[PDB]
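Engineer: The following block contains the structure, expressed as structure tokens.
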Amino acid sequence: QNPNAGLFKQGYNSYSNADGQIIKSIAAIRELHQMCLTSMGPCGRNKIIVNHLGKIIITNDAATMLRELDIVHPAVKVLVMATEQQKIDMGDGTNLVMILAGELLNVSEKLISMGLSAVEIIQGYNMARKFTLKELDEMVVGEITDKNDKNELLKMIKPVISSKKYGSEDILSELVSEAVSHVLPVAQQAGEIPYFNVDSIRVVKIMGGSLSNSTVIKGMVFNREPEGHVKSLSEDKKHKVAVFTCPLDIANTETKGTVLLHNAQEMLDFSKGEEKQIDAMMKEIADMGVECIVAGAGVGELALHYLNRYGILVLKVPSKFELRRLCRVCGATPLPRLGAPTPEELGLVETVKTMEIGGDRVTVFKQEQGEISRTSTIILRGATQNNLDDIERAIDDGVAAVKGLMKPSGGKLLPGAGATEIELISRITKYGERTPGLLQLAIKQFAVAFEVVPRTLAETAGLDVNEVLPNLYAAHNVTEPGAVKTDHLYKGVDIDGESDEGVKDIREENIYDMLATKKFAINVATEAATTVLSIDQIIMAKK
Amino acid sequence: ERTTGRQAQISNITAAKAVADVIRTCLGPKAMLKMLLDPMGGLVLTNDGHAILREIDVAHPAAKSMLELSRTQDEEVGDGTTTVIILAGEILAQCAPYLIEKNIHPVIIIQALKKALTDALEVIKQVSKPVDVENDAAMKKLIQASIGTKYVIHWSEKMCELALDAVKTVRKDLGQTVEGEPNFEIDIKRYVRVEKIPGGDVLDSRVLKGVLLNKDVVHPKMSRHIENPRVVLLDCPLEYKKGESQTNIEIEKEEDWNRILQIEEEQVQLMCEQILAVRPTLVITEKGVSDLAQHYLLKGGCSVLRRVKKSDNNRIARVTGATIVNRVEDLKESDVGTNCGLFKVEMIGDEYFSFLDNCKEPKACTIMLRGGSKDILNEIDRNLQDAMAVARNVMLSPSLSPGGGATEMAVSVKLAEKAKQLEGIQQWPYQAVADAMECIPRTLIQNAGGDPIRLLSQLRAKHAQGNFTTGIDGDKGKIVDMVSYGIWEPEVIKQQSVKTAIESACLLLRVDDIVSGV
Amino acid sequence: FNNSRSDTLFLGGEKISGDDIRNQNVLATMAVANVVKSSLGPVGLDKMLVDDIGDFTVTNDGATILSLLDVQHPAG
């Protein structure tokens with residue numbers, strides 16, 4: 001009886017923008033926005049993620065959540081791609097983009113209900129972004145000298161461990177900073193060659209003990225045992241290592257070369273053939289000074305017998321992924337053939353031994369103060385296997401956070417723990433009333449959108465938002481008789497588990513946010529908020 | 001049945017917002033019409049703010065409190081009824097997200113509204129300008145605001161004369177640090193009470209100093225005016241009295257009639273002889289007067305006026321000085337007719353009058369209204385009440401405030417400037433008060449048709465730099481100064497509008513629960 | 001969620017016994033007491049009490065609210 005109008009395409013459900021479809025798009029984000037509000041901060045909450053394969057996952061990181069969630073709606077999908085923008089270029093700050101871009105759209109509803117055009121809303125945030133990036137350059141307080149000292153690395157790593165693993169912040173800091181200083185060289189005035197790859201730090205774990213018994217190795221650790229009767233090398237300096245792709249056996253042909261057996265007379269010659277050929281090839285390897293042979297393939301029985309008489313440690317690594325990072329320490333190259341250990345393909349190792357880790361014996365690969373290693377290993381110990389795996393995810397994110405300390409302006413820092421967002425409120429509203437025109441509406445609301453960061457940390461910490469927040473606003477508002485402003489840039493959001501009249505200072509715990517992390521987060525959050533405001537309508541087709 | 005928790009806070013916001021939303025377009029001379037379909041089949045197209053909501057029945061109790069607020073507000077100021085309802089309703093609307101979404105406790109907001117009320121009243125006094133209440137030419141241009149767009153615009157000069165001459169008699173101008181300052185108290189209700197006389201012309205309307213009585217003289221031929229009147233006021237009627245016994249009078253025999261009639265004529269004569277002892281020229285009795293008492297006072301050379309109300313005799317006592325006496329034998333020598341100019345029997349439009357008027361002002365006048373018909377008299381009546389209401393606001397304080405959204409926007413700017421040093425949780429509900437102040441100039445623009453976002457942004461920026469006296473024009477709708485086109489309302493309109501709005505805002509936020517049943 | 005249908009003991013009315021009435025006594029006195037819990041103390045707030053005619057009144061006095069409070073259950 002009731003006809004239909006407005007949908008000329010096919011049988012569908014037509015949604016006109018006159019019903020506030022742009023508001024419904026933000027409402028769909030509000031469902032996901034509330035998910036990230038319990039994530040950011042050391043007081044944040046962990047989410048249980050049940051994988052499609054029937055695996056239980058409990059983690060604070062929201063990037064794992066968005067990866068497991070399959071998104072359709074564009075405004076949420078852009079935020080997922082914006083999260084990947086923050087995840088690929090940096091290993092920290094993923095919760096900053098999702099929460100900020102969500103609040104920028106929340107305060108935009110007041111402008112949409114006012115009747116302010118979406119294009120004029122976008123123009124307001126673009127002008128306020130240039131005002132913010134101008135301030136973010138002046139919000140810089142300290143900068144690291146790139147001395148790469150352990151204490152200097154603790155200042156960077158300490159705030160990174162927070163918001164992920166709490167209570168281990170001081171314990172994990174000494175473990176991570178030691179592994180970074182091993183693979184991080186000390187140099188200046190060279191920007192051509194990049195340094196500190198993510199693969200430079202390997203993390204292994206074993207059941208038993210605790211984080212106090214964890215140790216850091218200056219090189220890679222192998223799980224496999226020393227199959228050969230030689231358990232460890234000597235104390236001589238610069239032991240030569242050889243990596244062979246071809247298995248250890250009688251010399252064969254690079255193409256095929258499969259040994260066939262016909263009569264027992266050939267088997268007697270095959271045995272003596274493997275005896276003379278292996279003894280001839282392995283002897284020339286020992287004569288060249290190579291005391292360790294890394295075999296990427298299987299090792300024959302007669303190959304073990306002759307190498308044990310020459311005192312060469314037999315070490316097998318069937319995994320090619322471990323051999324790739326292994327070439328970054330000694331510098332050896334794998335040989336497809338066998339019997340020609342070219343010295344240019346030979347590496348150098350100081351110490352190869354077998355250590356007992358968690359009750360199991362493992363053969364390590366390491367060095368002492370020579371032939372600098374580009375790969376290190378963190379040995380973790382813990383009682384709970386589930387919590388020990390989550391610590392590994394927190395350390396891996398801490399390694400990618402140190403990557404932001406490289407050449408692209410990663411030394412400068414801004415006050416963290418909600419200290420920067422509060423000052424940006426007064427600075428942007430100062431530009432709002434100063435800039436004439438209709439932009440003052442969107443510019444002032446752009447500073448109000450920064451109130452979510454201090455409120456989020458307060459809601460997750462159980463603190464009263466009616467107390468800490470207004471005391472934090474008055475904390476950055478002072479009257480100074482002079483040009484230089486003083487008294488306090490250091491008032492942050494309080495992390496207390498044991499109360500504290502008022503709020504504390506950033507200078508006490510040295511908890512700050514990086515400039516490269518903050519400046520990149522603003523650009524991604526605005527472009528993500530601009531993309532949602534740019535969509536006034538959607539078009540779909542039948543699959 | 002019962003509504004508790006935050007649900008009652010939602011219903012209180014929905015009720016006050018729905019009542020205001022109707023009359024939001026009823027503000028301004030360009031206000032749009034409203035169509036109200038009656039349940040009996042009729043409709044009302046009038047845009048009058050009070051006439052609409054009066055015919056609209058509401059359910060939620062907060063909606064009834066908004067209706068009773070306008071009834072009390074109409075007793076103070078005669079106009080601006082839609083201004084108070086919008087302001088009182090928008091403050092609760094602006095505090096709605098803070099009360100719920102921000103989870104601010106209502107007592108925190110109510111405590112902040114008390115500080116916002118004091119700051120708002122101080123800003124109004126700063127932006128206000130002084131005015132001379134003694135200048136007759138200035139008072140006429142003020143009352144003219146309540147005059148124009150009405151039928152009385154042609155007689156407006158006479159409409160002001162009726163309003164000014166009335167407030168000047170009632171006003172008491174005094175001040176000192178000794179006995180205190182009355183603050184120029186004027187009562188329009190009781191003392192200024194109008195009398196509508198049919199016939200004549202509007203130009204013939206006079207302000208009479210005295211009391212007026214429509215009851216005529218008991219005798220057709222009487223003295224039309226008394227040079228030196230002697231007034232006698234008394235309660236007990238003049239008639240043959242009755243004994244304290246069961247005595248009854250039943251006369252059958254024909255010769256027994258003159259026995260009782262002689263006693264009746266004697267007792268009434270003694271009651272009139274007690275009055276004539278002071279030789280009065282006027283006799284006024286609260287109760288009725290017998291025909292025998294009329295004849296004895298007829299030959300005594302005095303006028304008799306029967307059946308005068310007790311409330312009238314109290315006002316007769318002020319224009320005269322006659323002491324109120326109960327019993328006819330108790331008449332005091334303090335009873336005098338002094339300070340009474342004349343007693344006039346003059347008839348206007350086949351209606352006998354009584355004029356006790358004198359040459360002095362006994363704090364209360366009498367307005368004599370004339371016209372071409374009763375519909376004109378009712379038109380002059382209600383228009384004179386609005387003329388005296390604006391005149392009352394000017395006489396109760398010598399200050400004017402710019403209209404057209406100038407004062408409403410100027411306060412919102414000053415509240416935002418003060419809010420910067422107001423840090424602490426009370427700042428959040430405080431800033432919602434300034435946002436509610438911008439709603440009044442917003443409805444004037446929405447009724448005008450111009451862009452509300454562009455004009456309000458330029459209007460608020462105009463106050464931040466230029467003078468606070470730059471408002472919005474009603475006819476045009478473009479930002480203009482109130483110096484060129486004045487639109488000067490008295491401050492009393494702005495005073496009571498802000499005071500009752502915060503009290504109404506604190507009233508609705510103070511009720512967190514709703515329970516029904518006896 | 002209710003208590004009824006005894007399905008035995010033929011009588012001219014309903015009968016509720018056991019933990020059923022013990023829960024009804026708590027739920028009845030709770031809603032009645034929740035009325036004056038917000039009006040307690042000098043910082044307490046008042047409320048509007050509507051009658052059957054449609055009129056109402058507002059007072060913060062607990063003695064007046066409880067006197068004008070209509071309690072259906074006998075436990076309250």
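Each chain in the structure tokens gets a letter, A, B, ..., in the order shown, and its residues are numbered from 1; ligands are numbered from 1 in order too.
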What's around residue 25 of chain C at 10 Å? Count only C-alpha atoms, leave out sequence neighbours fewer than 5 positions away in its own chain, and write the answer as a PDB file with N, CA, C and O atoms, in the first residue's frame.

Structural biologist:
```
ATOM      1  N   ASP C  19       9.880 -17.421  51.373  1.00  0.00           N
ATOM      2  CA  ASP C  19      10.802 -16.384  50.921  1.00  0.00           C
ATOM      3  C   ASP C  19      10.142 -15.460  49.907  1.00  0.00           C
ATOM      4  O   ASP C  19      10.703 -14.419  49.544  1.00  0.00           O
ATOM      5  N   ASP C  20       8.951 -15.827  49.433  1.00  0.00           N
ATOM      6  CA  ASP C  20       8.234 -14.991  48.476  1.00  0.00           C
ATOM      7  C   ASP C  20       7.800 -13.678  49.116  1.00  0.00           C
ATOM      8  O   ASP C  20       8.049 -12.594  48.576  1.00  0.00           O
ATOM      9  N   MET C  30      11.761  -0.819  50.341  1.00  0.00           N
ATOM     10  CA  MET C  30      12.884  -0.174  49.668  1.00  0.00           C
ATOM     11  C   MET C  30      12.416   1.017  48.842  1.00  0.00           C
ATOM     12  O   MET C  30      12.976   2.115  48.940  1.00  0.00           O
ATOM     13  N   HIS C  73       1.578  -1.200  49.233  1.00  0.00           N
ATOM     14  CA  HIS C  73       1.793  -2.428  49.982  1.00  0.00           C
ATOM     15  C   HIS C  73       1.622  -2.178  51.479  1.00  0.00           C
ATOM     16  O   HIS C  73       2.003  -1.116  51.981  1.00  0.00           O
ATOM     17  N   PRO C  74       1.053  -3.134  52.219  1.00  0.00           N
ATOM     18  CA  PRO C  74       0.912  -2.942  53.673  1.00  0.00           C
ATOM     19  C   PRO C  74       2.239  -2.965  54.413  1.00  0.00           C
ATOM     20  O   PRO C  74       2.347  -2.400  55.509  1.00  0.00           O
ATOM     21  N   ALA C  75       3.258  -3.615  53.842  1.00  0.00           N
ATOM     22  CA  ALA C  75       4.567  -3.644  54.486  1.00  0.00           C
ATOM     23  C   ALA C  75       5.187  -2.256  54.557  1.00  0.00           C
ATOM     24  O   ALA C  75       5.897  -1.940  55.518  1.00  0.00           O
ATOM     25  N   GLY C  76       4.933  -1.415  53.552  1.00  0.00           N
ATOM     26  CA  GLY C  76       5.429  -0.050  53.607  1.00  0.00           C
ATOM     27  C   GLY C  76       4.532   0.854  54.431  1.00  0.00           C
ATOM     28  O   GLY C  76       4.947   1.931  54.870  1.00  0.00           O
TER      29      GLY C  76
END
```

Engineer: Can you list, as a PyMOL selection string, every residue of segment 170-386 of chain B that DSSP puts in alpha helix (DSSP H)?

Structural biologist: chain B and resi 170+257-276+291-298+310-320+374-386

Engineer: If we count only C-alpha atoms and set the cut-off at 9 Å, which residues sit around segment 44-60 of chain B, ignoring sequence neighbours fewer than 4 positions away in its own chain? Please answer as a list in words.

Structural biologist: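 Near segment 44-60 of chain B, the qualifying residues are residues 11, 12, 15, 19, 22, 23, 25, 26, 27, 31, 32, 33, 34, 35, 36, 37, 38, 64, 67, 70, 71, 74, 80, 81 and 82 of chain B; 54 of chain C.
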
Engineer: If you run DSSP on the backbone here, which positions in segment 14-54 of chain C get strand (DSSP E or B)? Please write them as a list in words.

Structural biologist: residues 47, 48, 49 and 50 of chain C

Engineer: Hey, can you check how far atom CA of residue 267 of chain A sits from atom CA of residue 227 of chain A?

Structural biologist: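 Pair atom CA of residue 267 of chain A / atom CA of residue 227 of chain A returns 25.8 Å.
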
Engineer: Mind checking which residues fall within 10 Å of residue 63 of chain C, counting only C-alpha atoms, ignoring those fewer than 5 positions away in the same chain, and posting them as an MDAnalysis selection string?

Structural biologist: chainID C and resid 36 68:69

Engineer: Can you measure atom CA of residue 431 of chain B to atom CA of residue 415 of chain B for me? One decimal in Å is fine.

Structural biologist: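 Taking atom CA of residue 431 of chain B and atom CA of residue 415 of chain B, their separation equals 7.3 Å.
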
Engineer: Tell me which protein, DNA and RNA residues are within 8 Å of residue 86 of chain A, counting only C-alpha atoms, leaving out same-chain ones fewer than 6 positions away, and put them as a short mmCIF file (atom, residue, chain, number, x, y, z; two decimals) with C-alpha atoms, in the first residue's frame.

Structural biologist:
```
data_model
loop_
_atom_site.label_atom_id
_atom_site.label_comp_id
_atom_site.auth_asym_id
_atom_site.auth_seq_id
_atom_site.Cartn_x
_atom_site.Cartn_y
_atom_site.Cartn_z
CA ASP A 92 53.72 3.53 20.26
CA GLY A 93 50.81 5.95 20.30
CA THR A 94 48.11 3.76 18.74
CA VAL A 97 45.08 8.36 17.50
CA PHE A 520 52.75 12.37 13.93
CA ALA A 521 49.68 11.51 16.03
CA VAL A 524 46.97 11.19 11.55
#
```

Engineer: Any idea which chain C residues end up within 8 Å of chain B if we count only C-alpha atoms, as an MDAnalysis selection string please?

Structural biologist: chainID C and resid 35 45:52 54:56 68:70

Engineer: Convert the current residue selection to file output with N, CA and C atoms, as an mmCIF file, in the first residue's frame.

Structural biologist:
```
data_model
loop_
_atom_site.group_PDB
_atom_site.id
_atom_site.type_symbol
_atom_site.label_atom_id
_atom_site.label_comp_id
_atom_site.auth_asym_id
_atom_site.auth_seq_id
_atom_site.Cartn_x
_atom_site.Cartn_y
_atom_site.Cartn_z
ATOM 1 N N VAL C 35 12.449 7.223 48.762
ATOM 2 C CA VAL C 35 11.862 8.538 48.522
ATOM 3 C C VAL C 35 12.588 9.606 49.332
ATOM 4 N N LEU C 45 17.633 17.581 48.921
ATOM 5 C CA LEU C 45 16.852 18.306 47.933
ATOM 6 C C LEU C 45 15.385 17.913 48.036
ATOM 7 N N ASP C 46 14.517 18.818 47.589
ATOM 8 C CA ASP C 46 13.082 18.598 47.664
ATOM 9 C C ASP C 46 12.582 17.852 46.427
ATOM 10 N N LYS C 47 11.264 17.681 46.356
ATOM 11 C CA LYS C 47 10.649 16.975 45.242
ATOM 12 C C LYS C 47 9.192 17.394 45.111
ATOM 13 N N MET C 48 8.625 17.122 43.938
ATOM 14 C CA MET C 48 7.241 17.463 43.642
ATOM 15 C C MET C 48 6.340 16.266 43.913
ATOM 16 N N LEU C 49 5.236 16.508 44.617
ATOM 17 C CA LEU C 49 4.263 15.473 44.964
ATOM 18 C C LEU C 49 2.960 15.797 44.235
ATOM 19 N N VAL C 50 2.609 14.967 43.258
ATOM 20 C CA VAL C 50 1.432 15.209 42.432
ATOM 21 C C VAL C 50 0.248 14.436 42.996
ATOM 22 N N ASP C 51 -0.918 15.075 43.012
ATOM 23 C CA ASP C 51 -2.141 14.447 43.493
ATOM 24 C C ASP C 51 -2.881 13.810 42.313
ATOM 25 N N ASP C 52 -4.091 13.306 42.551
ATOM 26 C CA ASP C 52 -4.901 12.710 41.496
ATOM 27 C C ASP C 52 -5.601 13.739 40.621
ATOM 28 N N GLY C 54 -4.262 16.387 39.501
ATOM 29 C CA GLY C 54 -3.254 16.944 38.618
ATOM 30 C C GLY C 54 -2.479 18.102 39.209
ATOM 31 N N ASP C 55 -2.893 18.614 40.365
ATOM 32 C CA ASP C 55 -2.120 19.634 41.053
ATOM 33 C C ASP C 55 -0.893 18.989 41.703
ATOM 34 N N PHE C 56 -0.055 19.814 42.324
ATOM 35 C CA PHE C 56 1.141 19.304 42.981
ATOM 36 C C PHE C 56 1.648 20.342 43.973
ATOM 37 N N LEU C 68 2.251 12.639 52.468
ATOM 38 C CA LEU C 68 1.621 12.685 51.155
ATOM 39 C C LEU C 68 2.053 11.532 50.259
ATOM 40 N N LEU C 69 2.876 10.618 50.763
ATOM 41 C CA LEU C 69 3.350 9.480 49.978
ATOM 42 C C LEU C 69 2.290 8.388 49.995
ATOM 43 N N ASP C 70 1.931 7.892 48.814
ATOM 44 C CA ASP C 70 0.938 6.830 48.700
ATOM 45 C C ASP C 70 1.650 5.484 48.638
#
```

Engineer: Using 7 Å as the limit and counting only C-alpha atoms, can you tabulate each residue of chain B that touches chain A, with its shortest atom-to-atom distance in Å and the two atoms involved, as JSON lines?

Structural biologist:
```
{"residue": "B:423", "atom": "CA", "partner": "A:474", "partner_atom": "CA", "distance": 5.6}
{"residue": "B:424", "atom": "CA", "partner": "A:470", "partner_atom": "CA", "distance": 4.6}
{"residue": "B:425", "atom": "CA", "partner": "A:470", "partner_atom": "CA", "distance": 5.4}
{"residue": "B:454", "atom": "CA", "partner": "A:438", "partner_atom": "CA", "distance": 6.9}
{"residue": "B:457", "atom": "CA", "partner": "A:438", "partner_atom": "CA", "distance": 6.6}
```

Engineer: If you count only C-alpha atoms, which residues fall within 8 Å of residue 308 of chain A, apart from same-chain ones fewer than 4 positions away, as a PyMOL selection string?

Structural biologist: chain A and resi 228-230+304+312-313

Engineer: Would you list the contacts of residue 488 of chain B as a list in words, taking every protein, DNA or RNA residue within 9 Å and counting only C-alpha atoms, but skipping same-chain residues closer than 5 positions in sequence?

Structural biologist: residues 142, 145, 400, 401, 402, 403, 404 and 482 of chain B

Engineer: Quick one: which segment 147-172 of chain A residues come within 9 Å of segment 37-55 of chain A, and what is the nearest atom pair for each with the distance in Å to one decimal, counting only C-alpha atoms, rows ordered by chain and ascending number, as CSV?

Structural biologist:
```
residue,atom,partner,partner_atom,distance
A:161,CA,A:42,CA,8.9
A:162,CA,A:42,CA,5.4
A:163,CA,A:42,CA,3.7
A:164,CA,A:42,CA,6.3
A:165,CA,A:42,CA,7.3
A:166,CA,A:42,CA,6.0
```

Engineer: Can I get the selected residues back with N, CA, C and O atoms, as a short mmCIF file (atom, residue, chain, number, x, y, z; two decimals), in the first residue's frame?

Structural biologist:
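Dumped to again38.cif:
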```cif
data_model
loop_
_atom_site.label_atom_id
_atom_site.label_comp_id
_atom_site.auth_asym_id
_atom_site.auth_seq_id
_atom_site.Cartn_x
_atom_site.Cartn_y
_atom_site.Cartn_z
N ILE A 161 57.11 1.52 28.63
CA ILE A 161 56.63 0.33 29.33
C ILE A 161 55.30 0.61 30.01
O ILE A 161 54.44 -0.27 30.14
N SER A 162 55.09 1.85 30.44
CA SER A 162 53.81 2.24 31.01
C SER A 162 52.72 2.17 29.95
O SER A 162 52.99 2.20 28.75
N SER A 163 51.48 2.06 30.42
CA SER A 163 50.25 1.88 29.64
C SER A 163 50.15 0.47 29.06
O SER A 163 49.12 0.14 28.46
N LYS A 164 51.17 -0.37 29.23
CA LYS A 164 51.14 -1.76 28.78
C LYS A 164 51.38 -2.73 29.93
O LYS A 164 50.48 -3.51 30.27
N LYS A 165 52.56 -2.71 30.52
CA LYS A 165 52.86 -3.55 31.68
C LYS A 165 53.18 -2.67 32.88
O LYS A 165 54.17 -1.94 32.91
N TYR A 166 52.32 -2.72 33.90
CA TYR A 166 52.49 -1.86 35.06
C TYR A 166 53.03 -2.65 36.24
O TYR A 166 52.64 -3.80 36.47
#
```

Engineer: Please compute the atom CA of residue 250 of chain A-atom CA of residue 273 of chain A distance, one decimal, in Å.

Structural biologist: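 One can read the atom CA of residue 250 of chain A to atom CA of residue 273 of chain A distance as 7.3 Å.
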